[PDB]
Amino acid sequence: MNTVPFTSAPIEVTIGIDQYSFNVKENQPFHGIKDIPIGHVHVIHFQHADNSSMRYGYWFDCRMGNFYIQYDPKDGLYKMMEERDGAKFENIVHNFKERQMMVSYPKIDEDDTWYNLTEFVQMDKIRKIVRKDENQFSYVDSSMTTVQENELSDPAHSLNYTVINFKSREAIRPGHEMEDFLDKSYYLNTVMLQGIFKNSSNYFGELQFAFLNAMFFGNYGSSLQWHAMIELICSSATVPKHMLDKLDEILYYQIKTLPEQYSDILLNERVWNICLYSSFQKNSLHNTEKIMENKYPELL
Amino acid sequence: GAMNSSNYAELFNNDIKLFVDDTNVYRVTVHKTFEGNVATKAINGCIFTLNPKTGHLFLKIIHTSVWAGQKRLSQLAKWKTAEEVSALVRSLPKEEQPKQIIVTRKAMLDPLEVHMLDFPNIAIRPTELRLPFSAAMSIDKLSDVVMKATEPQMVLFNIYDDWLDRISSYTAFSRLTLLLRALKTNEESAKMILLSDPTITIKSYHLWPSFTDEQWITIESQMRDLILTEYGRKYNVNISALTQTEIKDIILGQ
Ligand SMILES: CN1c2ccc(N)cc2O[C@H]1O
């Protein structure tokens, strides 16, 4: 069980760790998060009490290094850093645990929620979407734009999601205009799966990462990407049976986890109505359709 | 974005543009079967592609063979329209290609945009104008070439005949829209008004009669009265009661 120690907490902040969150007071003797489950990516995230515009965080994987958080009073945020000295780090963590100054990652034994949200998400794929090669962890915030949003301005600070555009030469074979526009199977199976993602696991990983950035940071471009990747499957007549069964499970847990009070801003009425009631796959997402109908019947 | 009353002069500037109307592409007669079910029988159709500045009409005849063994024909008709418009643009020399294509029906936007992806600098626009181009098939010579076609055919016409020798494109378009609005509201009455005086003929190379400037004023008046007479006949409205502002508004209204 891994640990992300904090140097200190000089400013009042709501701290998220995956789907959990807790309030830290200004100069509260808080020195980090312990018992973080090995085997998954994690996200530690922040919303300052004095300024909710500051909404930002770090994707990391404790298998890849020893990470800690330290507040920077110049840049005015909690920063993730890597400690290269194994023995200094172990000695820091042991002291803070002895003095019981760390919150425990509060996982219920029965509860597979985080696995179910991150099943296909891999740090090496995150680091290609979020390019900062000198760090093993990835910073995301509420304001970061996507490569696609920036084409319609700083490229170093962008989310490099795979561009999906239904009215693009990439999406439409010369001479198959109506066929490819009304049935996106070509675009899904040949261009995106075989061509760009190489397999459904990489496709689902990016879809799951987009959803989590939408949910945790209110990142608008991430929300657009999540819905585009759902719509591209639902608008294809020809999808492998395993991919439809897996998508239904993925979306079920995403809709289950979404805070009820954010449904209005995080869910696109048109895409969901089209996907569940009009698309080729309208009858292929049993679990998703039942949770959406019971939790968000107004949207539909 | 959308072409409307506010940006009407733009039709007559020097940027090449085409209107595309797809309302006569897929045409059927609905009938009873021997077993008392209902069936459709397709008849020949046409794409109405018009340069409003020059009067140049690209009439692509849609032969019923196009539909043979195809499903969801009203959907296919939009895509076939977009395919043929795309083929027409690619057939034109670069300096003759339109800078904008205005579709008379919003359902044509996605099909045309997808067929014209190769032409990113050609703008595909809807219009807020209610244009009476559906009445094209009430023009005898256009109806005749469509119904006689035995194969796919493109036929080129000038829908203004020689009017541009005497009037501006703005006035020529206004005359065309008034004639087509009249043909659309009461075809019998419109044809009577245009073809009653047998001394005024249609030249072999023209669509409309050879009216003098003064006769066009009389014709145009008779068309506006017909649209009002019919608008009265429709809504049960004493038209002899209406003022000239009241009257002006209803023609443009429609
Ligand atoms: C020169 N004309 C012309 C060229 C192209 C089309 N479609 C029509 C035309 O009517 C003629 O006036």
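Chain naming here is simple, since letters A, B, ... match the order of the sequence lines and numbering starts at 1 in each. Atom set for the values below is all heavy atoms of this structure, side chains included, hydrogens, waters and symmetry mates excluded.
Between B/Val114 and A/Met178 the shortest side-chain heavy-atom distance does not fall below 4.5 Å.
For A/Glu298, the CD atom counts as densely surrounded, since its 6.0 Å shell holds more than 12 non-hydrogen atoms of other residues, nucleotides or ligands. In B/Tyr8, the OH atom is crowded: over 12 heavy atoms of neighbouring residues, nucleotides or ligands sit closer than 6.0 Å. For CG of A/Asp124, the number of neighbouring non-hydrogen atoms (other residues, nucleotides, ligands) closer than 6.0 Å is greater than 12.
A distance of 9.5 Å separates CG of B/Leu117 from CD of A/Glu170, quoted to the nearest 0.5 Å. Atoms CZ and CD, on A/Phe181 and B/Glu113 in that order, are 7.5 Å from each other to the nearest 0.5 Å.
Heavy-atom pairs under 4.5 Å with chain A were tallied for B/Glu83, B/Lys80, B/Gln75; the largest tally goes to B/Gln75.
Take B/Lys78 and apply the side chain to side chain donor-acceptor pair (under 3.5 Å) test, not counting sequence neighbours, and it matches no residue.
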